[PDB]
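Novice: There's a structure below that I have some questions on.
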Amino acid sequence: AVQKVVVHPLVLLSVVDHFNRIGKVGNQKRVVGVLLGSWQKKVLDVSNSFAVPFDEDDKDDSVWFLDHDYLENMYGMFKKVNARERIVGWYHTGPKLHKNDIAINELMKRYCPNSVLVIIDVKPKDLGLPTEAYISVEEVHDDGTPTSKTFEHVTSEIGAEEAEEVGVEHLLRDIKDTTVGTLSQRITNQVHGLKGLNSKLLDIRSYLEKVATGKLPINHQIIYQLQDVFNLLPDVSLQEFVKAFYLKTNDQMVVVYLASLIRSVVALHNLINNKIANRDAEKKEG
Amino acid sequence: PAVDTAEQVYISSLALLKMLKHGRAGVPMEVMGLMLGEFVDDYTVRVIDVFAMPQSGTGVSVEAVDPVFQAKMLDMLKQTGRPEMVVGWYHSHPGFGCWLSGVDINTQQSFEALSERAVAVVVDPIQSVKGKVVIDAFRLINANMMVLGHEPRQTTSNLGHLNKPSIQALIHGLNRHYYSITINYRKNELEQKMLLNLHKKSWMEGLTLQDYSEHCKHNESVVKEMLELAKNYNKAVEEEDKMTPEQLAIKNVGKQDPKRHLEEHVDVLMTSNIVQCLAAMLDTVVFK
Amino acid sequence: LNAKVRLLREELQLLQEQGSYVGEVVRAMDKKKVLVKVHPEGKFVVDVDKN
Amino acid sequence: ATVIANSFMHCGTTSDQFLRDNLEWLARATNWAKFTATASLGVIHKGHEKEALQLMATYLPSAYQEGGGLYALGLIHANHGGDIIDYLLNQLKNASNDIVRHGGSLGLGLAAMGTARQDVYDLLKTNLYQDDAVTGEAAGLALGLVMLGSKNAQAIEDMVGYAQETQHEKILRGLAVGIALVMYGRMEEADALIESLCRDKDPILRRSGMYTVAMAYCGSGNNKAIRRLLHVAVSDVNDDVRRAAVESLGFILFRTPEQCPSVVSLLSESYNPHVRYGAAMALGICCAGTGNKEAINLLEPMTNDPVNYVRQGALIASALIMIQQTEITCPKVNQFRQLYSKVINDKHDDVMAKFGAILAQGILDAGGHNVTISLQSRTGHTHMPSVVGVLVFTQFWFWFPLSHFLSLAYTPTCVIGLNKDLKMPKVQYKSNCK
Amino acid sequence: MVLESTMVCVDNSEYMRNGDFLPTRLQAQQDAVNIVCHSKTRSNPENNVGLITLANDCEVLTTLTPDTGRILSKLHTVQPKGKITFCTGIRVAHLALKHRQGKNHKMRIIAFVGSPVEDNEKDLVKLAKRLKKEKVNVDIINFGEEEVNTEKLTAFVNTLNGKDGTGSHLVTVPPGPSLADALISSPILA
Amino acid sequence: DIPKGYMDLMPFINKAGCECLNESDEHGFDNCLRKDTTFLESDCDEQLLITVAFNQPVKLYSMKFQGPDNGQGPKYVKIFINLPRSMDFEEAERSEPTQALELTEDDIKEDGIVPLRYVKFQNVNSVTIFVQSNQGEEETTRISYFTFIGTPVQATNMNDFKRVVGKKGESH
């Protein structure tokens with residue numbers, strides 16, 4: 001299995017560049033490429049990705065051509081350039097999975113048994129990461145249900161190395177927020193977290209509506225994960241917790257009051273100094 | 001004819017990242033690779049992609065450009081959709097800055113033999129360790145025109161003298177045998193909204209209440225140190241020595257008691273406390 | 001605020017400049033070159049800045 | 001810079017004494033310098049009108065040479081094209097797919113300033129669609145001048161579509177002022193091109209939109225446009241856009257020069273040098289002809305800024321402000337002239353600071369001390385040629401030859417005793433100051 | 001001497017494993033593919049040939065290569081353990097041809113239909129119509145057990161060339177001598 | 001004819017790259033490239049897809065898509081530039097073209113040159129023509145003559161590298 005996938009910034013700019021160049025000349029939905037990376041103990045670290053020619057027919061959903069010789073030659077070239085990178089999976093810019101993704105995953109497994117599909121969306125979404133690493137799982141499902149190839153999910157996160165970090169910092173030095181918890185950025189982040197929570201809850205509610213109406217199947221799994229979530233609710237308004245939280249709020253407010261007093265005294269001292277300076281300047285004027 | 005100092009080597013976001021990565025892979029040695037782009041016009045050289053050439057015992061020299069490797073790489077990249085020409089070459093100068101040596105000049109002349117505008121790029125992965133990216137674009141100055149005309153670049157505009165030459169490049173031959181070209185970074189959205197995800201902060205981070213134990217410890221420590229600093233501020237203000245007070249405020253400037261170690265701490269405390277309290281109340285409301 | 005920012009930027013700019021060597025001086029030579037002895041290396045006949 | 005300064009100080013004087021006396025020196029400049037020299041020679045005979053047609057041929061009979069000859073010929077008939085418009089159209093049609101096209105486009109645009117003739121617009125459109133970098137750079141300004149203040153939906157459509165659809169950033173630089181001038185004097189009619197260009201991703205198009213706000217809102221100090229420009233200068237990321245935003249304030253406030261030094265009071269001390277240069281040029285364009293004596297004070301410390309282009313811009317703005325001024329009127333004229341002399345003679349000063357000092361001397365001595373820079377007319381109207389020339393000249397940070405467009409902004413400072421149609425009777429009128 | 005790219009569709013279905021031919025069905029098809037690849041390569045030294053297995057959904061074992069060595073090496077381990085899908089195989093082969101290295105090469109597809117085509121006649125006729133305008137010539141080699149001169153395949157070939165036909169042939173081989181020799185007659189010669 | 005300072009791209013057409021789709025066997029692609037009465041027709045339908053490849057990146061200014069006046073000449077022409085792979089007629093219709101052209105009867109004439117938006121075609125390596133219909137709505141369309149007018153964009157042939165100065169064995 002793969003416990004997590006780290007997609008370095010270059011993979012993303014390579015996948016944005018491939019989508020742009022293919023889209024600019026002709027029009028093609030989705031963009032398929034091979035992901036190259038190194039294996040940690042269990043955390044796959046994707047660093048580079050190269051394009052692979054890929055024609056598909058959306059209508060049939062079973063016709064798709066992916067170069068074998070082209071992929072092998074590209075991998076040989078990259079091994080000559082840097083051999084520490086072995087094939088670890090494939091990426092396609094298509095926002096949603098596709099019915100033929102399983103065959104492509106098997107073809108990739110032909111080159112790497114532990115293949116991770118990272119769906120690198122090229123549409124900027126303000127709520128969430130741009131990667132979603134998927135893996136192929138064949139099981140018996142235990143709970144007496146038909147088994148199929150499917151796509152198990154693995155946590156994805158975007159890291160970077162020193163060189164990529166330096167490049168990113170140079171690139172985003174004009175649209176980057178200051179590092180440090182300025183109150184403006186803290187309040188904005190809290191608002192962003194509220195918005196993200198609202199979006200996640202809306203997605204969960206839409207899925208629950210679909211399940212209730214029958215449009216989608218009752219999982220019998222993960223659903224009780226939502227039940228566990230609903231059990232883990234804080235249960236505020238308990239008397240003991242209310243007293244403790246009031247104690248904490250007052251303990252913080254006393255420090256805030258001391259800070260406000262210090263700020264007021266400093267401001268008053270500065271005002272006194274400025275007034276005396278102005279008066280002295282006026283007196284020395286004549 | 002003459003090259004304008006207004007020429008601008010456009011380096012794409014992907015190209016800079018790839019060049020930095022390749023340079024940082026080689027250190028302690030020197031890596032080199034061909035740069036793929038377009039000579040869009042006389043005053044601009046646009047580089048879209050850069051592909052590394054395999055490390056070889058020759059080093060960064062005309063023989064580092066394995067013809068078979070380059071030919072097959074270009075042929076296979078054409079199929080994907082990148083039918084770009086070779087606009088120049090890049091090589092990493094570990095340790096030393098962006099300049100060109102004799103072998104570098106020979107390789108640059110060999111590249112120029114194909115096209116008169118084949119720009120050369122030098123990147124130092126060791127110097128470019130922070131928000132500074134020490135990347136320079138260099139092209140050869142016909143030593144002939146050194147006397148036949150005068151300098152090599154027309155100055156029809158001010159878009160080039162807004163930069164400064166470097167003692168290093170000057171020592172190794174800048175404005176003598178090699179002349180730098182302004183490096184402009186071609187960045188676009190989608191490629192800037194994807195890179196603001198290296199550290200984007202999950203929604204959860206903006207609703208985590210920190211931990212009240214170390215929060216209390218930090219508040220206590222900051223308050224105690226602010227009490228000491230208030231003692232110092234008391235001593236400084238109550239003194240109010242008038243022996244040329246304007247001079248006193250300048251003879252005791254050491255980033256000390258008065259305000260620096262002062263309300264700086266007030267801001268730290270109040271920001272932390274306000275953020276923590278607001279997060280706590282937002283959680284008390286949102287979660288049940 | 002602008003003065004503070006400019007001071008910090010100037011400090012950062014000057015910090016990047018290479019640190020200068022320190023070496024003893026043996027004697028002036030021609031009113032423009034001075035013989036000096038850097039610490040680990042040997043003697044050097046170096047020029048003098050304008051100031 | 002010296003060539004353009006000589007052009008300025010001999011503007012309209014039909015006196016090329018320096019050019020003829022120093023012939024080896026003039027020919028010592030090759031490439032674009034030759035283009036600038038030819039343009040200067042042509043402009044020196046500003047308003048020469050009839051004789052110019054064959055005077056240019058006799059003087060200037062090389063691709064750069066012919067292009068400069070066309071550009072100078074267009075400069076001679078500034079805003080007064082007539083048959084020169086047709087001649088330049090014919091010349092540009094039979095162009096050599098060369099910088100000669102650039103010169104011909106510039107000259108034709110200058111000649112048909114605001115005529116909005118469809119044939120000239122079509123020829124300029126064809127040249128721009130040629131997409132030849134420099135050719136497009138001249139074609140953008142030619143299209144802007146031809147449809148100046150015309151508010152042509154088709155013209156704006158084509159120009160903005162090209163700006164969004166072409167590489168060759170220089171063509172975008174030209175199209176920026178093209179779009180800005182295509183909206184001169186309206187100040188409300190569209191108000192949508194401004195938003196579209198300001199929100200546009202390309203920095204050059206943002207500069208286009210801000211030059212558009214400057215030209216359209218020219219004169220009337222509409223606080224809405226001023227606030228937009230100031231906000232862009234404070235916030236925008238690209239530095240050239242900040243320069244343009246700060247510089248458009250002069251065009252937007254030249255009608256009320258007293259308040260104008262207040263807005264730039266400390267906007268001239270922002271940490272970014274581009275905003276500093278923009279503020280200096282905003283002061284220069286703002287107090288274009290008036291020795292406000294406050295703009296000079298602001299420029300005085302800016303003249304020693306560590307940056308170069310800031311010093312260049314400050315010196316040029318001071319020269320613009322102090323044009324046509326004696327020691328009695330403003331007591332800093334002699335000091336500023338001495339500073340210009342020191343900077344030009346000083347060897348360790350940057351070429352950029354000196355390009356300014358030379359331009360400043362040219363501005364100071366423009367027209368043998370007869371022509372003045374007055375964006376306003378004597379009757380209060382907004383002088384279109386002066387504003388257009390000042391805008392194109394301030395757009396010399398990208399193209400040196402465009403500096404000649406400041407020749408348009410020189411309006412003679414004279415009271416002519418015309419009693420009859422052709423009689424200039426020798427009436428001797430006195431003044432009340434020595 | 002005609003420059004054409006051949007993408008042989010070798011069948012590895014389970015039916016490809018009842019050896020009505022002498023050694024076995026798989027060996028007969030292997031010899032057929034060997035002969036066809038050698039003939040194509042010898043006819044022109046710069047032509048290409050690739051193979052796609054028609055079992056399960058499809059496979060592209062050997063993308064267009066100028067050397068028959070890769071095709072022959074991949075032909076071993078064909079492992080006939082699936083079922084055929086003719087229309088999908090032809091579509092995948094057409095995509096592979098579209099990805100040809102040299103566009104000049106003429107289209108040509110050789111299909112080893114060794115198992116019944118459980119595809120509707122309408123699908124085959126539509127595919128033939130699409131191939132016609134696209135300009136791809138498919139040579140169907142009916143193999144071993146089937147409805148003699150299978151109606152669907154014959155109609156497909158007929159619609160691939162109407163009122164004039166060249167480079168598009170259907171070959172039906174009744175059980176007997178190894179099919180490798182038979183292919184040398186009809187398709188390879190013409 | 002041709003515009004000033006521009007040259008026809010006939011010498012710059014790589015026979016290896018060019019390929020026609022739906023072309024009739026009797027009248028092939030090669031016929032339409034000759035300034036003779038010989039023409040190219042489409043055997044299976046009015047739709048045709050003609051693609052041409054260029055040895056080095058060329059610039060596109062004007063194209064002469066002449067055809068017979070009988071009505072079977074091109075009417076609606078779609079153009080794409082730098083297509084990585086061959087074009088399918090179903091996929092060709094879906095994709096947006098670089099410059100969609102509605103050829104008037106005047107353009108089809110022997111002396112008719114249809115202008116192209118020069119800005120879009122700056123680094124064209126292979127241009128594909130999609131004749132979506134003919135003037136007369138005939139069963140098959142024909143192209144009497146077809147060529148592109150532009151300029152050759154200098155391209156670095158790194159296949160012709162070679163050391164021009166210095167001695168072998170050097171390093172750095």
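Following the order of the structure tokens, chains are lettered A, B, ..., residues in each are numbered from 1, and ligands are numbered from 1.
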Enumerate the residues of stretch 41-242 of chain A with a DSSP assignment of alpha helix (DSSP H), computed from the backbone, and present them as a ChimeraX atom specification.
Specialist: /A:68-81,101-109,162-171,183-213,223-231,239-242
Novice: Quick one: everything within 12 Å of stretch 45-48 of chain E, counting only C-alpha atoms, minus sequence neighbours fewer than 4 positions away in the same chain. Send it as a PyMOL selection string.
Specialist: chain E and resi 1-8+36-41+62-71+96-97+100-109
Novice: Return the neighbours of chain B among the residues of chain F, cut-off 8 Å, counting only C-alpha atoms, as a ChimeraX atom specification.
Specialist: /F:82-85,125,154-166,168-172
Novice: Can I get the selection written as a PDB file, in the first residue's frame, with C-alpha atoms?
Specialist:
```pdb
ATOM      1  CA  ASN F  82       0.767  22.228 -34.674  1.00  0.00           C
ATOM      2  CA  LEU F  83      -1.416  19.142 -34.337  1.00  0.00           C
ATOM      3  CA  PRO F  84       0.528  16.505 -32.355  1.00  0.00           C
ATOM      4  CA  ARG F  85      -1.395  13.617 -33.946  1.00  0.00           C
ATOM      5  CA  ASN F 125       4.703  23.429 -38.021  1.00  0.00           C
ATOM      6  CA  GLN F 154      14.951  30.434 -38.785  1.00  0.00           C
ATOM      7  CA  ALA F 155      15.174  27.244 -36.682  1.00  0.00           C
ATOM      8  CA  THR F 156      18.193  25.983 -34.683  1.00  0.00           C
ATOM      9  CA  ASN F 157      19.192  22.619 -36.272  1.00  0.00           C
ATOM     10  CA  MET F 158      20.876  21.127 -33.168  1.00  0.00           C
ATOM     11  CA  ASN F 159      21.378  18.110 -35.487  1.00  0.00           C
ATOM     12  CA  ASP F 160      24.055  20.342 -37.086  1.00  0.00           C
ATOM     13  CA  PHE F 161      25.812  21.366 -33.829  1.00  0.00           C
ATOM     14  CA  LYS F 162      29.613  20.751 -34.099  1.00  0.00           C
ATOM     15  CA  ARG F 163      32.446  22.602 -32.289  1.00  0.00           C
ATOM     16  CA  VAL F 164      33.507  25.730 -34.259  1.00  0.00           C
ATOM     17  CA  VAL F 165      36.140  27.058 -31.809  1.00  0.00           C
ATOM     18  CA  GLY F 166      38.353  25.535 -29.094  1.00  0.00           C
ATOM     19  CA  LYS F 168      38.431  18.837 -27.777  1.00  0.00           C
ATOM     20  CA  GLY F 169      38.872  17.428 -24.263  1.00  0.00           C
ATOM     21  CA  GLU F 170      38.211  20.806 -22.534  1.00  0.00           C
ATOM     22  CA  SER F 171      36.130  20.779 -19.296  1.00  0.00           C
ATOM     23  CA  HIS F 172      34.838  23.276 -16.621  1.00  0.00           C
TER      24      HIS F 172
END
```
Novice: Using only C-alpha atoms, what table do you get, as a Markdown table, when you list each residue of chain A with an atom no more than 10 Å from chain D, its nearest pair of atoms, and their distance in Å rounded to one decimal, rows by chain then rising number?
Specialist:
```
| residue | atom | partner | partner_atom | distance |
| --- | --- | --- | --- | --- |
| A:173 | CA | D:237 | CA | 9.8 |
| A:174 | CA | D:237 | CA | 6.2 |
| A:175 | CA | D:237 | CA | 7.9 |
```
Novice: Next, dump the selected residues to file, keeping only C-alpha atoms, as a tab-separated table (two decimals), in the first residue's frame.
Specialist:
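Wrote it out as again25.tsv, contents follow:
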```tsv
chain	number	residue	atom	x	y	z
A	173	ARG	CA	7.22	36.92	-4.27
A	174	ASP	CA	4.61	39.38	-5.60
A	175	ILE	CA	1.41	37.55	-4.58
```
Novice: With a cut-off of 9 Å, could you pull out the residues of chain D touching chain C and give me the nearest pair of atoms for each, distance in Å to one decimal, using only C-alpha atoms, ordered by chain and ascending number, as a tab-separated table?
Specialist:
```
residue	atom	partner	partner_atom	distance
D:269	CA	C:2	CA	8.1
D:270	CA	C:2	CA	7.0
D:271	CA	C:2	CA	6.5
```
Novice: Identify every residue of chain A that has at least one atom within 7 Å of any atom of chain B, counting only C-alpha atoms, and report the result as a PyMOL selection string.
Specialist: chain A and resi 9-10+12-14+16+21-22+51-53+80-81+122+124+129+158-159+163-164+166-170+172+183+186+189-190+192-193+196+233-236+249+252+256+259+263
Novice: Write to file, as a short mmCIF file (atom, residue, chain, number, x, y, z; two decimals), in the first residue's frame, the residues of the selection just made, with N, CA and C atoms.
Specialist:
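File result13.cif, as written:
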```cif
data_model
loop_
_atom_site.label_atom_id
_atom_site.label_comp_id
_atom_site.auth_asym_id
_atom_site.auth_seq_id
_atom_site.Cartn_x
_atom_site.Cartn_y
_atom_site.Cartn_z
N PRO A 9 6.33 20.63 -6.45
CA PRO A 9 5.77 21.66 -7.29
C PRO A 9 6.00 21.47 -8.79
N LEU A 10 7.14 20.92 -9.19
CA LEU A 10 7.47 20.80 -10.63
C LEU A 10 6.46 19.89 -11.31
N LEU A 12 3.41 19.65 -10.72
CA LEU A 12 2.19 20.44 -10.95
C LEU A 12 2.42 21.37 -12.13
N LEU A 13 3.56 22.04 -12.20
CA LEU A 13 3.76 23.02 -13.30
C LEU A 13 3.93 22.25 -14.61
N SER A 14 4.45 21.03 -14.53
CA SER A 14 4.61 20.20 -15.73
C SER A 14 3.23 19.78 -16.20
N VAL A 16 0.47 21.39 -15.58
CA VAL A 16 -0.27 22.58 -16.07
C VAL A 16 0.24 22.91 -17.47
N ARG A 21 -0.43 23.14 -23.37
CA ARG A 21 0.11 22.95 -24.71
C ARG A 21 -0.77 22.04 -25.55
N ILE A 22 -1.32 20.98 -24.95
CA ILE A 22 -2.21 20.11 -25.70
C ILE A 22 -3.51 20.83 -26.03
N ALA A 51 5.12 13.74 -20.33
CA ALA A 51 3.93 13.49 -21.12
C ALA A 51 4.05 12.19 -21.90
N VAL A 52 2.91 11.54 -22.10
CA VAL A 52 2.83 10.34 -22.94
C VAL A 52 1.66 10.51 -23.90
N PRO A 53 1.85 10.29 -25.20
CA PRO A 53 0.73 10.43 -26.14
C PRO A 53 -0.44 9.54 -25.73
N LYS A 80 18.88 8.09 -17.50
CA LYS A 80 20.20 8.61 -17.84
C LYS A 80 20.43 9.97 -17.18
N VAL A 81 19.42 10.84 -17.22
CA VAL A 81 19.55 12.15 -16.58
C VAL A 81 19.64 12.00 -15.07
N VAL A 122 -6.28 21.04 -13.25
CA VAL A 122 -5.72 22.29 -13.73
C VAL A 122 -6.73 23.43 -13.64
N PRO A 124 -8.06 26.13 -10.94
CA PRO A 124 -7.80 26.64 -9.59
C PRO A 124 -9.06 26.63 -8.74
N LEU A 129 -6.64 20.86 -1.94
CA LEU A 129 -5.41 20.64 -2.69
C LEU A 129 -5.72 20.25 -4.13
N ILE A 158 1.35 18.25 -0.98
CA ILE A 158 2.31 18.89 -1.86
C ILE A 158 3.47 19.39 -1.02
N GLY A 159 4.64 18.77 -1.19
CA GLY A 159 5.86 19.21 -0.56
C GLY A 159 6.80 19.80 -1.59
N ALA A 163 15.61 23.37 -4.01
CA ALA A 163 15.63 24.07 -5.29
C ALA A 163 14.23 24.47 -5.72
N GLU A 164 13.29 23.53 -5.65
CA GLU A 164 11.91 23.85 -6.01
C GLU A 164 11.33 24.90 -5.08
N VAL A 166 13.02 27.31 -3.56
CA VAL A 166 13.59 28.60 -3.95
C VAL A 166 12.91 29.13 -5.21
N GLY A 167 12.69 28.26 -6.19
CA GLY A 167 11.99 28.69 -7.39
C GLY A 167 10.59 29.18 -7.10
N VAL A 168 9.86 28.46 -6.25
CA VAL A 168 8.50 28.86 -5.89
C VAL A 168 8.51 30.21 -5.19
N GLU A 169 9.44 30.39 -4.25
CA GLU A 169 9.50 31.65 -3.51
C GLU A 169 9.80 32.81 -4.44
N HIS A 170 10.72 32.62 -5.38
CA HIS A 170 10.98 33.68 -6.35
C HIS A 170 9.75 33.95 -7.21
N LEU A 172 6.50 33.48 -6.61
CA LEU A 172 5.36 34.03 -5.89
C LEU A 172 5.79 35.07 -4.86
N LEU A 183 -2.82 39.59 12.61
CA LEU A 183 -4.21 39.39 12.98
C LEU A 183 -5.12 39.36 11.76
N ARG A 186 -4.80 35.96 10.32
CA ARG A 186 -5.41 34.96 11.20
C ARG A 186 -6.92 34.95 11.05
N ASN A 189 -7.82 33.51 7.75
CA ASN A 189 -7.71 32.06 7.75
C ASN A 189 -8.89 31.42 8.45
N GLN A 190 -9.29 31.96 9.60
CA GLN A 190 -10.43 31.38 10.31
C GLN A 190 -11.68 31.42 9.44
N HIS A 192 -11.68 31.36 6.22
CA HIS A 192 -11.46 30.35 5.19
C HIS A 192 -11.77 28.95 5.71
N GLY A 193 -11.41 28.68 6.96
CA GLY A 193 -11.71 27.39 7.55
C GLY A 193 -13.19 27.18 7.76
N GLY A 196 -14.44 26.34 4.33
CA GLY A 196 -14.12 24.96 3.99
C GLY A 196 -15.01 23.97 4.72
N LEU A 233 -19.18 14.90 18.36
CA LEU A 233 -19.50 16.31 18.49
C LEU A 233 -19.15 16.79 19.90
N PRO A 234 -18.71 18.03 20.06
CA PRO A 234 -18.21 18.47 21.37
C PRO A 234 -19.23 18.39 22.48
N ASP A 235 -20.51 18.60 22.18
CA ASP A 235 -21.56 18.65 23.20
C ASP A 235 -21.31 19.80 24.18
N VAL A 236 -21.28 21.01 23.62
CA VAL A 236 -21.12 22.23 24.40
C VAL A 236 -22.38 22.47 25.20
N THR A 249 -11.69 31.94 29.02
CA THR A 249 -11.94 33.19 28.33
C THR A 249 -11.58 34.38 29.20
N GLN A 252 -7.78 34.72 29.41
CA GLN A 252 -7.21 35.36 28.23
C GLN A 252 -7.57 36.84 28.18
N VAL A 256 -5.37 40.29 27.72
CA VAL A 256 -5.70 41.27 26.69
C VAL A 256 -5.89 42.65 27.30
N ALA A 259 -2.50 44.10 28.05
CA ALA A 259 -1.90 44.56 26.81
C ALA A 259 -2.52 45.88 26.35
N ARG A 263 -0.61 49.41 25.81
CA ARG A 263 -0.69 50.14 24.54
C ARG A 263 -1.20 51.55 24.75
#
```
Novice: Give me the residues near stretch 170-175 of chain B as a ChimeraX atom specification, where near means some atom within 10 Å (using only C-alpha atoms) and where sequence neighbours in that chain fewer than 4 positions away do not count.
Specialist: /B:97-102,138-141,146,151-153,165-166,179-180
Novice: Give me a file of those residues, with N, CA and C atoms, as an mmCIF file, in the first residue's frame.
Specialist:
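New file out-v2.cif:
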```cif
data_model
loop_
_atom_site.group_PDB
_atom_site.id
_atom_site.type_symbol
_atom_site.label_atom_id
_atom_site.label_comp_id
_atom_site.auth_asym_id
_atom_site.auth_seq_id
_atom_site.Cartn_x
_atom_site.Cartn_y
_atom_site.Cartn_z
ATOM 1 N N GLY B 97 29.662 32.493 -8.987
ATOM 2 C CA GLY B 97 28.486 33.169 -9.500
ATOM 3 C C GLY B 97 28.236 32.959 -10.976
ATOM 4 N N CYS B 98 27.277 33.698 -11.529
ATOM 5 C CA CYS B 98 26.888 33.557 -12.927
ATOM 6 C C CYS B 98 27.884 34.303 -13.809
ATOM 7 N N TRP B 99 28.813 33.563 -14.403
ATOM 8 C CA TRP B 99 29.753 34.093 -15.382
ATOM 9 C C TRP B 99 30.138 32.951 -16.316
ATOM 10 N N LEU B 100 30.962 33.252 -17.313
ATOM 11 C CA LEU B 100 31.333 32.281 -18.332
ATOM 12 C C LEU B 100 32.847 32.141 -18.405
ATOM 13 N N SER B 101 33.315 30.898 -18.441
ATOM 14 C CA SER B 101 34.729 30.598 -18.591
ATOM 15 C C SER B 101 35.072 30.367 -20.061
ATOM 16 N N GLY B 102 36.338 30.028 -20.311
ATOM 17 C CA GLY B 102 36.784 29.856 -21.684
ATOM 18 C C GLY B 102 36.034 28.756 -22.409
ATOM 19 N N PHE B 138 23.599 35.111 -20.582
ATOM 20 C CA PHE B 138 24.798 35.657 -21.194
ATOM 21 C C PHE B 138 24.864 35.269 -22.663
ATOM 22 N N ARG B 139 25.350 36.190 -23.488
ATOM 23 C CA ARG B 139 25.648 35.918 -24.885
ATOM 24 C C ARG B 139 27.014 36.489 -25.230
ATOM 25 N N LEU B 140 27.644 35.973 -26.294
ATOM 26 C CA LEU B 140 29.046 36.361 -26.638
ATOM 27 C C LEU B 140 29.134 37.719 -27.336
ATOM 28 N N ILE B 141 30.113 38.545 -26.951
ATOM 29 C CA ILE B 141 30.334 39.869 -27.601
ATOM 30 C C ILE B 141 31.423 39.701 -28.654
ATOM 31 N N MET B 146 34.510 44.834 -31.056
ATOM 32 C CA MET B 146 35.097 45.559 -29.904
ATOM 33 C C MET B 146 35.840 46.779 -30.447
ATOM 34 N N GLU B 151 30.652 49.245 -28.529
ATOM 35 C CA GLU B 151 30.020 48.229 -27.642
ATOM 36 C C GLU B 151 29.133 47.379 -28.547
ATOM 37 N N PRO B 152 28.460 46.304 -28.093
ATOM 38 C CA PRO B 152 27.710 45.470 -29.023
ATOM 39 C C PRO B 152 26.217 45.719 -29.025
ATOM 40 N N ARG B 153 25.731 46.394 -27.990
ATOM 41 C CA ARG B 153 24.270 46.475 -27.854
ATOM 42 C C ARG B 153 23.777 47.903 -28.021
ATOM 43 N N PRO B 165 25.708 45.474 -13.413
ATOM 44 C CA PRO B 165 26.663 44.391 -13.638
ATOM 45 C C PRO B 165 27.247 43.914 -12.306
ATOM 46 N N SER B 166 27.802 42.703 -12.272
ATOM 47 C CA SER B 166 28.303 42.144 -10.991
ATOM 48 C C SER B 166 29.826 42.050 -11.028
ATOM 49 N N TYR B 179 28.067 39.435 -22.628
ATOM 50 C CA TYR B 179 27.164 40.541 -22.201
ATOM 51 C C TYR B 179 25.877 39.951 -21.634
ATOM 52 N N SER B 180 25.405 40.431 -20.479
ATOM 53 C CA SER B 180 24.243 39.799 -19.875
ATOM 54 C C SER B 180 22.963 40.256 -20.558
#
```
Novice: Hey, could you make a per-residue contact list for chain F against chain D with 7 Å as the cut-off, showing the nearest pair of atoms and its distance in Å to one decimal, counting only C-alpha atoms, sorted by chain and number, as a tab-separated table?
Specialist:
```
residue	atom	partner	partner_atom	distance
F:5	CA	D:97	CA	6.6
F:118	CA	D:129	CA	6.5
F:119	CA	D:166	CA	6.1
```
Novice: I need the residues from that last selection saved to file as a PDB file, in the first residue's frame (with N, CA and C atoms), if you can.
Specialist:
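Output (result13.pdb):
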```pdb
ATOM      1  N   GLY F   5       7.850  40.971 -50.086  1.00  0.00           N
ATOM      2  CA  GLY F   5       8.732  40.408 -49.085  1.00  0.00           C
ATOM      3  C   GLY F   5       8.328  39.057 -48.541  1.00  0.00           C
ATOM      4  N   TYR F 118      -2.547  36.807 -39.482  1.00  0.00           N
ATOM      5  CA  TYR F 118      -1.124  36.528 -39.362  1.00  0.00           C
ATOM      6  C   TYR F 118      -0.681  36.357 -37.919  1.00  0.00           C
ATOM      7  N   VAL F 119      -1.385  36.965 -36.966  1.00  0.00           N
ATOM      8  CA  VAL F 119      -0.948  36.910 -35.578  1.00  0.00           C
ATOM      9  C   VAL F 119      -0.976  35.480 -35.058  1.00  0.00           C
TER      10      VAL F 119
END
```
Novice: Select from stretch 3-106 of chain A everything DSSP, run on the backbone, classes as strand (DSSP E or B), then give the selection as a ChimeraX atom specification.
Specialist: /A:4-7,32-39,43-51,54-56,64-66,86-92
